[PDB]
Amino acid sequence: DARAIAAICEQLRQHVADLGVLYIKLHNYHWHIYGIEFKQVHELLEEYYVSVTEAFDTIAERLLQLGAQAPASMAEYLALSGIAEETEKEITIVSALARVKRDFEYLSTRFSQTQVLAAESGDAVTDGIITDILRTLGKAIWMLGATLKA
């Protein structure tokens, strides 16, 4: 189904763009958060962007395997991404975490659409790749929710 592969590639292209944007956004929080929990969150944010760049690369490479070329420039990412960049510096810890949780959730719904497409079209490999990412997102979203709960 040539229409399925194309639909999936379009989704993948967007994921790369969103991941790329998130990668830098996470550095923003990584650098500008402040508060008593600084060190822990500073490190958590790094774990996140390391994980994000990992998904960034595996998805981009899956795109390559599917015969497409991956978006590879900030210009393209800003044009494809559905994630807003963080413009402010100096941010509270709870505010930064709430924002990454929101972006993680946005990515989660976006990735789920792709997993459904891949599943229905028999693209087992893409299915597995997205599902693995979905699993780590789910764990992070849950933990963030738990730390932000009042």
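Numbering starts at 1 and runs along the sequence shown.
ask   = Per the PDB record, is the mean Cα temperature factor higher over 81-89 or over 26-34?
value = The stretch with the larger average C-alpha B-factor is 81-89.
key: Record-listed C-alpha B factor of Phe111: chain third   = It belongs to the highest third of the chain when residues are ordered by C-alpha B-factor.
task = Divide the modelled residues of the chain into thirds by Cα B-factor and specify which third, lowest, middle or highest, holds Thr53.
result = For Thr53, the deposited C-alpha B-factor lands in the highest third.
query = Based on the entry's values, in what third of the chain does the Cα temperature factor of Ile5 lie: lowest, middle or highest?
reply = For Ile5, the deposited C-alpha B-factor lands in the highest third.
request  = Ordered by C-alpha B-factor within the chain, which third holds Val94? Give me lowest, middle or highest, please.
outcome  = Ranked within chain, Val94 CA B lands in the middle tercile.
query = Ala150's Cα B-factor: lowest, middle or highest third of the chain?
reply = Top third by C-alpha B-factor.
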